[PDB]
């Protein structure tokens, strides 16, 4: 009923920082993916590869900070499940079983559980976007393929769609994590 609650707050505070970093990296990645990419000239292909490598660097940052946010939020939940348990040998089965003396942590925990889902969906969508950008890199090395620029256009569209999905998940996840922070601050 004491120390774990501070640790819980610190983890929620740090999770919200990670989430805000994720949103910034995803947004910057998308700025690189707006205009068309072309393979039919070596200079245009090089321009496109550079844009892709910039986007990829932002997506690695986003993925890392998503992985950190998930870990932090999970540890916070477990702090509460163990900390809130009446018997020192056992942990609570789920956050909604927390006693009403820990209402702040219980309210925060409910948000962290859904933020966890938001983070996992964002992570998956980022990996999808990466997959599309990897496909474009393959297509840029086959300029003689008929219709190669149509295939690039297809993959670029899907990359943006996947990334826009992640952006939406991160918006919600960040909102939940800041809500959780507010619950315990």
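Numbering follows the first chain given and starts at 1.
- The deposited model assigns a higher average Cα B-factor to 81 to 89 than to the other stretch when 81 to 89 and 95 to 103 are compared.
- Higher mean CA temperature factor between 130 to 138 and 34 to 42: 34 to 42, per the PDB entry.
- Take 119, 52, 147, 159 and read off each C-alpha B-factor from the entry; 147 has the highest.
- Among all modelled residues in its chain, residue 169 ranks in the lowest third by Cα B-factor.
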